[PDB]
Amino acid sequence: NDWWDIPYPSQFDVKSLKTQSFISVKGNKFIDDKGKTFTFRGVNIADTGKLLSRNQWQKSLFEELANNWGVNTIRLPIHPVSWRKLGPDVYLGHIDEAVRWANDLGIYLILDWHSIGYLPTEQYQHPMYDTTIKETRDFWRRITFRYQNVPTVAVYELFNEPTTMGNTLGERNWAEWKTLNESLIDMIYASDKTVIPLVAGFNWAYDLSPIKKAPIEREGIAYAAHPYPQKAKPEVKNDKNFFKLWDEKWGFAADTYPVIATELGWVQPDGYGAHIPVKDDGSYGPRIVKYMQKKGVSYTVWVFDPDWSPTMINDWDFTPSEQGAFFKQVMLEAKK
């Protein structure tokens, strides 16, 4: 163990993959490399470390989703605490497995640096999300180098949920956040220009309104939105009123840039692991789907896991939950 003999890193072997189209940004759409408009449709699964701990990190999970749930995309929420606990080298080795599985099934990955808080002050909602600017840069530097020229890995979601929690974490400042995303994007593009960065707004990735006046000044990006049921709070709960509020905060973005709702979903207020902002009577499902389909918005439901809520499944035999059965039918129909 001489530190001077520690190897320089290696890149994923693209020859190990079957042919797969690259996804790219064109105006306000994604397109495949055949030129056809593309929509990300799929789910989040849990952090790789959580799945490994219960022996659920396996190809059979991806096969279930691709073959039975109609997904074309899986979002991997890589939690900083798990990145550190497994260690970068081991974690990347498991992401490699996901790449191979996904490629074999013809589906795509969104790699999400899964933190919640305010990166400019390095203050977070919970220790599982704890990180630094330095560690965040390093994650993207390592990821972009390793998966250079890998079509399967389509989207780099830079920071899951920006929030200052009522300014208890710092003073939210769009200019500062914009500049930091631009810095990350520049590192990424210096290493791989074929990948799609995904940028989020404040109020837990809900409010993209700042981009009306001050969008990120880089091409080829998309914007994230997390339009959970309780984020908009109209006094009268109907399509028209939710649509208008969604329009104002995030939906407008889809007129100019591609948008991925990288989290959405619900559970009954008296259901399993129910909490604000995910409580709903179920009318939200058809509403958000109708709204997204109208605008051509892409999405990954939270979450295809039986422990973390709101769940899509009740157990590891994949018994569907209320929202699981709903979205499964939606995705299957969209696939046709």
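Numbering starts at 1 and follows the sequence shown.
S.K.: Please compare 286-294 with 301-309 and name the stretch with the higher mean C-alpha B-factor in the deposited structure.
M.R.: Comparing 286-294 with 301-309, the higher average CA B-factor belongs to 286-294.
S.K.: Hey, which bit's got the bigger mean C-alpha B factor in the entry, 121-129 or 242-250?
M.R.: In the deposited entry, the stretch with the higher C-alpha B-factor mean is 242-250.
S.K.: Among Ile78, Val195, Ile143, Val199, single out the one with the highest C-alpha B factor in the record, please.
M.R.: Within the set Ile78, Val195, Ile143, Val199, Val195 shows the top C-alpha B-factor.
S.K.: Between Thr164, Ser209, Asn160, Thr136, let me know which has the highest C-alpha B-factor in the entry?
M.R.: Top of the list by C-alpha B-factor: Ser209.
S.K.: Taking the chain's C-alpha temperature factors as the reference, tell me which third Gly87 falls into: lowest, middle or highest.
M.R.: Its C-alpha B-factor, which the entry lists for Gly87, ranks in the lowest third among residues of this chain.
S.K.: Give the position of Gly49 by CA B-factor within its chain, expressed as the lowest, middle or highest third.
M.R.: Its C-alpha B-factor belongs to the lowest third of this chain's values.
S.K.: Which third, lowest, middle or highest, does the C-alpha temperature factor of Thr73 belong to within its own chain?
M.R.: For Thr73, the deposited C-alpha B-factor lands in the middle third.
S.K.: Is the Cα B-factor recorded for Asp255 in the lowest, middle or highest third of its chain?
M.R.: Its C-alpha B-factor belongs to the highest third of this chain's values.
S.K.: So where's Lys178 on the chain's Cα temperature factor ranking, which third?
M.R.: It falls in the middle third of the chain.
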